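Student: Keeping their order, the protein sequence lines are chains J and U.
First residue of the first sequence: 192, per the entry's author numbering; consecutive thereafter.
First residue of the second sequence: 93, per the entry's author numbering; consecutive thereafter.
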Amino acid sequence: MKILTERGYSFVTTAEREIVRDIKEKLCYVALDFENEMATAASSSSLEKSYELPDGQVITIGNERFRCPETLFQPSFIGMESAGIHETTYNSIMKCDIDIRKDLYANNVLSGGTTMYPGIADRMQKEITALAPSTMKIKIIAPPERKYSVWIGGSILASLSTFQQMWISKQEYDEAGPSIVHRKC
Amino acid sequence: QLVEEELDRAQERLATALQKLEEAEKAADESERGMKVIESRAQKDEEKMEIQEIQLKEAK
Ligand SMILES: Nc1ncnc2c1ncn2[C@@H]1O[C@H](COP(=O)(O)OP(=O)(O)O)[C@@H](O)[C@H]1O
Numbered sequence: 192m193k194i195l196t197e198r199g200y201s202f203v204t205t206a207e208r209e210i211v212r213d214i215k216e217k218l219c220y221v222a223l224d225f226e227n228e229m230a231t232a233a234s235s236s237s238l239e240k241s242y243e244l245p246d247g248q249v250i251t252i253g254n255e256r257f258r259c260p261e262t263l264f265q266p267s268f269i270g271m272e273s274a275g276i277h278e279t280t281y282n283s284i285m286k287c288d289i290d291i292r293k294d295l296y297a298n299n300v301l302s303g304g305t306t307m308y309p310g311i312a313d314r315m316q317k318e319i320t321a322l323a324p325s326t327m328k329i330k331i332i333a334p335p336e337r338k339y340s341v342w343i344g345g346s347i348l349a350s351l352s353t354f355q356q357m358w359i360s361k362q363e364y365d366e367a368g369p370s371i372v373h374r375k376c
Numbered sequence: 093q094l095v096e097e098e099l100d101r102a103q104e105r106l107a108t109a110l111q112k113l114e115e116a117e118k119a120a121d122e123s124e125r126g127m128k129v130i131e132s133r134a135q136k137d138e139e140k141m142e143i144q145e146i147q148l149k150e151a152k
């Protein structure tokens, strides 16, 4: 919403925020190499696509398409101090015991909606490969339905027979108070 | 006789005009049908083209 104002389009309402969310879900992708992608978009106009708001009024966006999700890898674009998702993944790995991180390097599982951009698995693998030692096999696992992985796994879990003793019954709550939840389960 | 001759001649010509209008609106209907099917086809083709071009992008 903030980066689209430099082309003239101004979305300020909450409804317009929903419109911009739809634009993001339809036109944005992750660039494998950000710098030369930027130079390419500057040179030609083959990256420009068009979107039609729900009153006519087509809008055309250029390098915004990949500048929007690039923030995941350079969170300094929005004034945050953290590191990109590739770097926090690598740090979380390197915070684990040296014997399991070879098997962690090869089972990076992606989940949730924000991991649905075209080309995010390739960029992620490139970055982690550049960070990790040159002997490990980096494998990014990105299922085609990863937007509902949490719900699917939750149904699998709640269906297990060995899980039917892990519920928090009403009686346990009546005994222990709301603090039952984290104190035991 | 001028009154009644203008009357019935203009009336039958008005009938011909309304039939021409019905023909014109049916032409509008068929043209609109062609337009809608063709634009839907264009939409499908364009979205598939975009999928395939980005697939070549990732592949290469
Ligand atoms: N195809 C897509 N491409 C890019 N982003 C998407 C896509 N689909 C959803 N999103 C983003 O994912 C978010 C919703 O994802 P979701 O996993 O449902 O989050 P939550 O689990 O918190 O509800 C939205 O903010 C939207 O911007």
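The C-beta atom is built at its ideal place from N, Cα and C for all residues, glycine as well.
#1: Using a C-beta to C-beta distance shorter than 8 Å, which residues of chain J count as neighbours of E139(U)?
#2: If you measure from the CB of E216(J), is any heavy atom of ligand 1 nearer than 6 Å?
#3: Would you kindly report the start and end of the unbroken beta strand (DSSP E) that includes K286(J)?
#4: Buried or exposed: which applies to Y308(J), given that a residue is buried once 16 or more other Cβ atoms fall within 10 Å of its Cβ?
#5: Anything in chain U within Cβ reach of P309(J), meaning under 8 Å, just list it in chain order.
#6: With a threshold of 6 Å (Cβ to nearest heavy atom), would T305(J) be considered close to ligand 1?
#7: Using a cut-off of 7 Å between C-beta atoms, extract the partners of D213(J) located in chain U.
#8: Measure from the alpha carbon of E142(U) to the alpha carbon of each residue in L218(J), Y296(J), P260(J), then state which is nearest.
#9: Please list the partners that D313(J) has in chain U, where partner means a Cβ-to-Cβ separation under 8 Å.
#10: Using only alpha-carbon positions, find the residue among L351(J), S283(J), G304(J), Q362(J) that is nearest to residue 181(J).
#11: Between the stretch 292-307 of chain J and the stretch 328-342 of chain J, do three or more beta carbon pairs fall short of 8 Å?
#12: With distances taken Cα to Cα, identify the nearest neighbour of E318(J) among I269(J), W342(J), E243(J), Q265(J).
#13: Using the rule of at least 16 other Cβ atoms within 10 Å of the residue's Cβ for burial, across every protein chain shown, is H373(J) buried or exposed?
#14: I311(J) and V203(J): beta carbons closer than 7 Å?
Tutor: By the coordinates alone:
#1: Here the premise fails: no neighbours, minimum Cβ distance about 10 Å.
#2: yes
#3: Here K286(J) belongs to no beta strand (DSSP E), and DSSP marks it neither H nor E.
#4: buried
#5: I146, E150
#6: yes
#7: Under the 7 Å cutoff, chain U gives no residues; its nearest Cβ is about 15 Å from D213(J).
#8: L218(J)
#9: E150
#10: Outside the shown range of chain J (192 to 376) lies residue 181(J), about which nothing can therefore be said.
#11: yes
#12: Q265(J)
#13: exposed
#14: no
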